[PDB]
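Colleague: To be precise about what I am sending: the file is called target-v7.txt and holds compact mmCIF, C-alpha atoms (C1' of nucleotides).
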# COMPACT_ATOMS: atom_id res chain seq x y z
CA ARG A 1 -133.70 -63.20 51.60
CA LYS A 2 -132.60 -64.97 53.67
CA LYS A 3 -129.92 -63.56 53.90
CA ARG A 4 -126.62 -64.71 52.37
CA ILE A 5 -124.37 -66.41 54.94
CA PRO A 6 -121.00 -67.60 53.46
CA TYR A 7 -119.91 -71.19 54.10
CA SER A 8 -116.86 -72.08 56.20
CA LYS A 9 -113.55 -73.62 55.16
CA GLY A 10 -114.31 -77.12 56.43
CA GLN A 11 -117.80 -76.93 54.96
CA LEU A 12 -116.63 -76.05 51.46
CA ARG A 13 -114.01 -78.78 51.70
CA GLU A 14 -116.76 -81.34 52.30
CA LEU A 15 -118.88 -79.81 49.54
CA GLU A 16 -116.24 -79.58 46.80
CA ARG A 17 -114.85 -82.98 47.81
CA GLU A 18 -118.13 -84.85 47.29
CA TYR A 19 -118.72 -82.70 44.20
CA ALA A 20 -115.46 -83.87 42.67
CA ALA A 21 -116.85 -87.36 43.30
CA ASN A 22 -119.69 -86.70 40.88
CA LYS A 23 -121.54 -83.57 39.74
CA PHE A 24 -124.92 -84.58 41.17
CA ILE A 25 -125.74 -85.06 44.84
CA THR A 26 -127.42 -88.32 45.85
CA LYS A 27 -130.07 -88.42 48.59
CA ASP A 28 -127.78 -90.66 50.63
CA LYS A 29 -124.80 -88.31 50.48
CA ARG A 30 -126.94 -85.27 51.28
CA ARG A 31 -127.82 -86.71 54.69
CA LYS A 32 -124.22 -87.27 55.73
CA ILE A 33 -123.06 -83.98 54.23
CA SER A 34 -125.74 -82.20 56.25
CA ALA A 35 -124.48 -83.81 59.46
CA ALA A 36 -120.75 -83.35 58.85
CA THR A 37 -121.27 -79.77 57.71
CA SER A 38 -124.31 -78.54 59.69
CA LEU A 39 -126.01 -77.09 56.58
CA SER A 40 -129.61 -77.89 55.66
CA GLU A 41 -130.48 -80.43 52.96
CA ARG A 42 -131.89 -77.55 50.91
CA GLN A 43 -128.69 -75.52 51.15
CA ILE A 44 -126.56 -78.41 49.87
CA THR A 45 -129.00 -78.92 46.98
CA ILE A 46 -128.77 -75.23 46.10
CA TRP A 47 -124.99 -75.13 46.47
CA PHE A 48 -124.58 -78.12 44.18
CA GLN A 49 -126.80 -76.36 41.65
CA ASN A 50 -124.61 -73.25 41.97
CA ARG A 51 -121.50 -75.26 41.66
CA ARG A 52 -122.52 -76.58 38.25
CA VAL A 53 -123.33 -73.03 37.09
CA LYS A 54 -119.76 -72.07 37.95
CA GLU A 55 -118.41 -75.12 36.13
CA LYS A 56 -120.35 -74.17 33.01
CA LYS A 57 -118.75 -70.71 33.07
CA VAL A 58 -115.35 -72.36 32.62
CA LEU A 59 -116.27 -72.56 28.92
CA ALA A 60 -114.42 -69.32 28.16
CA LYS A 61 -113.26 -70.20 25.42
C1' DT B 1 -106.81 -48.35 52.62
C1' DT B 2 -110.62 -47.58 49.18
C1' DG B 3 -113.63 -48.26 44.87
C1' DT B 4 -115.85 -51.36 41.56
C1' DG B 5 -115.74 -55.62 39.38
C1' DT B 6 -116.08 -60.55 40.22
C1' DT B 7 -117.61 -64.42 43.22
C1' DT B 8 -120.65 -66.45 46.33
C1' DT B 9 -125.58 -67.65 48.64
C1' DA B 10 -130.54 -67.74 47.79
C1' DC B 11 -134.57 -67.25 45.53
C1' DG B 12 -138.79 -67.51 41.89
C1' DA B 13 -140.22 -68.16 37.32
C1' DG B 14 -140.15 -71.79 34.00
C1' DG B 15 -139.28 -76.78 32.86
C1' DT B 16 -138.73 -82.63 32.87
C1' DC B 17 -139.97 -86.79 35.05
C1' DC B 18 -142.85 -89.56 37.37
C1' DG C 1 -147.86 -82.54 43.14
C1' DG C 2 -143.65 -82.79 44.66
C1' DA C 3 -138.59 -83.40 43.81
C1' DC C 4 -135.31 -81.64 41.13
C1' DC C 5 -133.33 -79.39 37.11
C1' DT C 6 -130.80 -75.24 34.03
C1' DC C 7 -131.38 -70.08 34.20
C1' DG C 8 -131.52 -64.99 35.32
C1' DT C 9 -131.36 -62.37 39.17
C1' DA C 10 -130.22 -59.74 43.63
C1' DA C 11 -127.19 -58.80 47.07
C1' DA C 12 -123.92 -59.61 50.63
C1' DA C 13 -118.81 -60.83 50.67
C1' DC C 14 -114.50 -61.34 48.06
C1' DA C 15 -110.21 -59.99 45.54
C1' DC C 16 -107.72 -56.95 43.37
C1' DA C 17 -105.82 -52.70 40.92
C1' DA C 18 -105.00 -48.34 42.60
What does this structure look like when you write it as structure tokens?
Modeller:
Amino acid sequence: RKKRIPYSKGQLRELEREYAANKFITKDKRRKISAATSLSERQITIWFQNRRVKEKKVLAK
DNA sequence: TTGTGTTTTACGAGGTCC
DNA sequence: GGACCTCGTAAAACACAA
């Protein structure tokens, strides 16, 4: 399930970089992420969802 | 070098919008 | 009729006090 495989350094750099661009992934960007990073379109979608969860948690507060 | 507590992937139950 | 969302959740992997 199915089953957790941590993302690499260069991958996360690409992810967090285009996340800093704006919180929500566009269809266009997801293509070129998926190529540059070798993750599936679904993974990126899920990661972006999980990124915003983490950002919400920053409300300590 | 270990626990054990927090972070990181990955999903299914609910939802909006179209 | 799917594409995508915030969310609770599990569980591997992480990051520290010891």
Colleague: Mind working out the centre and edge lengths of an axis-aligned box for region 36-47 of chain A, all listed atoms inside, 3 Å added to each side, rounded to one decimal in Å and written as AutoDock Vina command-line options?
Modeller:
--center_x -126.3 --center_y -79.2 --center_z 52.9 --size_x 17.1 --size_y 14.2 --size_z 19.6
Colleague: Compute the set of chain A residues within 8 Å of chain C, using only C-alpha atoms (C1' of nucleotides), and express it as an MDAnalysis selection string.
Modeller: chainID A and resid 3:4 6
Colleague: Pull the closest atom pair for each residue of chain A that gets at most 9 Å from chain B, along with the distance in Å to one decimal, counting only C-alpha atoms (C1' of nucleotides), ordering rows by chain and then ascending residue number, as CSV.
Modeller:
residue,atom,partner,partner_atom,distance
A:1,CA,B:10,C1',6.7
A:2,CA,B:10,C1',6.8
A:3,CA,B:10,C1',7.4
A:4,CA,B:9,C1',4.9
A:5,CA,B:9,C1',6.5
A:6,CA,B:9,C1',6.6
A:7,CA,B:9,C1',8.6
A:43,CA,B:10,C1',8.7
A:46,CA,B:10,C1',7.9
A:47,CA,B:9,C1',7.8
A:50,CA,B:9,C1',8.8
Colleague: Give as number ranges by chain every residue, naming chains and numbers as the document does, that has an atom within 12 Å of (-128.2, -85.4, 43.3), counting all atoms listed in the file.
Modeller: A: 18-19, 21-31, 41-42, 44-49, 52; C: 3-5
Colleague: In Å, with one decimal, what is the gap from CA of residue 61 (chain A) to CA of residue 13 (chain A)?
Modeller: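 Separation of CA of residue 61 (chain A) and CA of residue 13 (chain A): 27.7 Å.
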Colleague: Separation of CA of residue 34 (chain A) and CA of residue 8 (chain A), in Å?
Modeller: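 Interatomic distance, CA of residue 34 (chain A) to CA of residue 8 (chain A): 13.5 Å.
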Colleague: From the list A:15, A:53, A:59, A:20, which residue is nearest residue 37 (chain A) when using only C-alpha atoms?
Modeller: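 The answer is A:15, which sits nearest to residue 37 (chain A).
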Colleague: So the first atom is CA of residue 32 (chain A) and the second is CA of residue 12 (chain A); what is the distance between them in Å, to one decimal place?
Modeller: 14.2 Å
